[PDB]
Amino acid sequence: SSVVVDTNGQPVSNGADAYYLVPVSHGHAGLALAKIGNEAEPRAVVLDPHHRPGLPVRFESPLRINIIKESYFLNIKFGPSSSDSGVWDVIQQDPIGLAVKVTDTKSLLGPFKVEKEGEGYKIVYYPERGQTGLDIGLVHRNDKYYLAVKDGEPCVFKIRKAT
């Protein structure tokens, strides 16, 4: 139910502003796109030490409210609000399990919530809206840390307005 706040204590906007997800551990790393194997284009979301601050995200709810709360189902996307691309989804991928990947479609209510965890926030994935969700963590495979479902081992982030 709480309002999600950024590193300046301000409410996180619904879509209008972009934010960096800054891990609290895993040293300095930022969000990036990578290949999983031999796909042509990098569409897996990873945390990469070489990309700081990383690709910023927008959090989107179809509710008529200009801020985000922990109770809202969210779409999360890279790029501008206007673009169909960059939308996060959870995809079965043999090496990772359930990987966070970008795609170019978006459901009315997205798969995620942002929930307080430790000193920051985690992303939680909901297979079904009436049931408990599954923590998003990191799967280390082929020299990359892939964002993936890893229940009980969440990646904890602070949310920095991109300005």
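Just count from 1 along the sequence shown to find any residue number.
Colleague: Which of the two stretches, 125-133 or 31-39, shows the higher mean Cα temperature factor in the record?
Modeller: Averaging CA B-factors over each stretch, the winner is 31-39.
Colleague: Where do the C-alpha atoms have the higher mean temperature factor in this entry, in 11-19 or in 135-143?
Modeller: Stretch with the higher mean C-alpha B-factor: 135-143.
Colleague: Go through 92, 81, 71, 75 one by one and give the residue whose Cα B-factor in the PDB entry is largest.
Modeller: Going by the entry's C-alpha B-factors, 81 comes out highest.
Colleague: In this PDB entry, which of 118, 56, 97, 62 has the top CA B-factor?
Modeller: Answer, based on the entry's C-alpha B-factors: 118.
Colleague: Ranking the modelled residues of this chain by C-alpha B-factor as given in the entry, is residue 24 in the lowest, middle or highest third?
Modeller: As the PDB entry reports it, the C-alpha B-factor of residue 24 lands in the highest third of its chain.
Colleague: Split the chain's modelled residues into thirds by Cα B-factor; is residue 105 in the lowest, middle or highest one?
Modeller: Residue 105: CA B-factor falls in the highest third of its chain.
Colleague: How does the C-alpha B factor of residue 52 compare with the rest of the chain: lowest, middle or highest third?
Modeller: Tercile = highest for this residue's CA B-factor.
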